[PDB]
Structure formats: structure tokens, C-alpha cells
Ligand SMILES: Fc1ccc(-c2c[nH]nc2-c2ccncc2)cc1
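The form solved without the named molecule is given below as one chain in C-alpha cells.
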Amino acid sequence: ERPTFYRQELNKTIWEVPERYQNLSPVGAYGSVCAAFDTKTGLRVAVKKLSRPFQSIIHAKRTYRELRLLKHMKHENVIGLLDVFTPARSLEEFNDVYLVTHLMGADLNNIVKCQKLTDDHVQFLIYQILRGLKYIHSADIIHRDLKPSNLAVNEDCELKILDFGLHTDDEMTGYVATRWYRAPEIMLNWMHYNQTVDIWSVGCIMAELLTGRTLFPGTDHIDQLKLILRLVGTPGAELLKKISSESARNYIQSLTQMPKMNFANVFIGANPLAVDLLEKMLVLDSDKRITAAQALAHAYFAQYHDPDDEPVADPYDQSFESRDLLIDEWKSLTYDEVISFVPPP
């Protein structure tokens, strides 16, 4: 049965949401999002209204991608879908999509920036990121854009992963957090990349939680690459060969060879086990980085690691990515996914 919708204007656009959602207030950065009190579940929720979802093929495909991703993610440490609705009564008038998720009070960026983090806080926070990433990667999904701002956290330090990378050139330019957590292979388009790019991001985050400082705050791509290589050393012959970009390979070979630095001398006073894990994450060769599944079993997480409570994901069919469809087809697929949504228990 259809709920009653009511409307209000929240900064230049009309929100039409079901009555269960009250006290809407904008929170901007994450898209077009409102905090809301959900009266049926008693939860504080985030309601995102999609922005012109079917105005182009790329937009319509994006909207479907986003809904597909969110409907599949059911894990404590990954943002999931509480609800999805449109005020539209049929396909013909279907033109707006609204998404409802948990609203966690803060992001990791405000945590590291405002509070001192004990080594035990670091254990728990990274543990949770890895636990959710094992789940994410097990579905063959790559986040691609892991940074402190898309790690939501509550009062109890419980964490969910948000905003799967699904950026323009300018946004990646200069002295910007948008690029500081990016694996060098994506940053510079070295090769066809995979899910361990997400592990490099975790390395940078973990480092920053331990020291309270960005690990590689490059002023631009090249400066950042230098910051990276000073720490991990320049590529060996084996890696140079795996860079499929001739042009990128040729550039990296112009650099004075440097060895990998001693991580105990960079992360002074840190847990030796934390140092070890960092050395295994911040490996230049992605083939050799530690996987999230492998990381969870590392000694650093002895306290939180529970092999029976680190679930993988159901199969995720993303063959739609290969498909070229018409706006109307992408829109009909999105509609079918809206109409068949069943709330969680």
C-alpha cells in the first residue's frame, strides 16, 4: 500500500517524502541530503534525493548503478538501504528517486581532526574498515574512493563505509584530500586497476589515525608521487614491466632510484604490529599488497578478529555495466528496483 507524501522546500528544490519522515534538515557535500527522524523505526536517517536522475544516458545509468549497489550492501560496516521511494504513481510520471540510509553522527575526518586516537581506537576503526571491505570486495565491487570523509562513525566508534566511487580533473588538482588517499596506479593511470587500490587507501588512513597527519599530502600528482616513492622506494624492474602505459613507465624511469624507508623511523613510537601491517598495505606493486581478508587475520587485530563474524557478500551481478541501453530502458530498470524494494528487519 502507498503511504501519504507531504512536501516542503529545502533549499531551491521541493522534497516530497512519506509522512513517516519528519524534521528534515539539510546536512551539500554528499549530494542532496537531509537528516530526518524516521518515526516507524525510531532511527535518525539520511535521505538523499537524486539529482535529475534520467536527464542523460550516463545519468540514468548512474542512478541505476547507485540503486543496485545500495540494495545489495547488507553488512554492519557498509552503508545500506533502509528505504527507497518515489512519489510517482506509475512509470510514466517516475522522475525522482529518494534513498534512505542510517545517519551516523560524524565522519572519520572529524574524528582524526578533533580527538586524540589511542592505538586501540586505531585497531577498532581499521578493523571495521577491513571487515566491510572484505565484504565489498567479495562481491567484486571496488570502492575506489576511500578517504576519511566517507567513513561514517557513531558515538561508540562504530563505522560504516559510504560513497562508493561511482571525479573531474579539477577536483583532483592541487593540494586536495580528493587525491591524497589514491593508489599511485589510479592517480597516474599506470595500468588496469583492481580492488587492492582500496587497500592502499586504508594504509593512508591508518597512518593518519596513528600520527594525526596526512601521509602523502601532495601539492599535485607529481609531488604526491614523490612523497609516495620517498617512503616506499622507486619501482623495481618487475613493476615497471606491469605498467601498461608506455608514457607513465617512461616518466617513472627518469627518477633517481630510492630505497624503501624504515617504517619504524617514520611511525616513531607506534605499535610494531601497526608498523608491520602498514608495510604490507603500502606496497607499490598492487599484486603484492595484503588483501582485506588476509589483513583481518593479522596479529594487530587479535583483539577484534572473529573468523565466524566476518561475512562475505551474496553474488553481485553487474553485467549491466557492459550494457548500452536507452534512457527509458535504464529508467524502467531503476523503477523495477524501486518497486521491488523490501525493507530490512
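Note that residue numbering follows the sequence shown and begins at 1.
One more form of this protein exists, namely the form deposited with the named molecule bound; it is left out here, but the text below deals with it.
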Clash verdict for the named molecule in the deposited complex, overlaid onto the shown chain (3 or more atoms within 2.4 angstroms of backbone or C-beta): blocked
Given the named molecule in the deposited complex, answer whether the residues 225, 239 and 252 all have a heavy atom inside 4.5 Å of it. yes
Is residue 87 part of the interface with the named molecule in the deposited complex - any heavy atom within 4.5 Å? no
At 4.5 Å between heavy atoms, is residue 285 in contact with the named molecule in the deposited complex? yes
So in the deposited complex, does residue 235 come within 4.5 Å of the named molecule, heavy atom to heavy atom? yes
Within a 4.5 Å heavy atom cut-off, is residue 209 in contact with the named molecule in the deposited complex? no
In the deposited complex, the one of 243, 275, 117, 215 near the named molecule [non-hydrogen atom within 4.5 angstroms]: 243
As a check of understanding, the residue in 229, 139, 122, 270 with any heavy atom within 4.5 Å of the named molecule in the deposited complex should be identified as 229
Residue stretch of 181-189, 87-95, 122-130, 260-268 approaching the named molecule in the deposited complex, non-hydrogen atom distance within 4.5 Å: 181-189
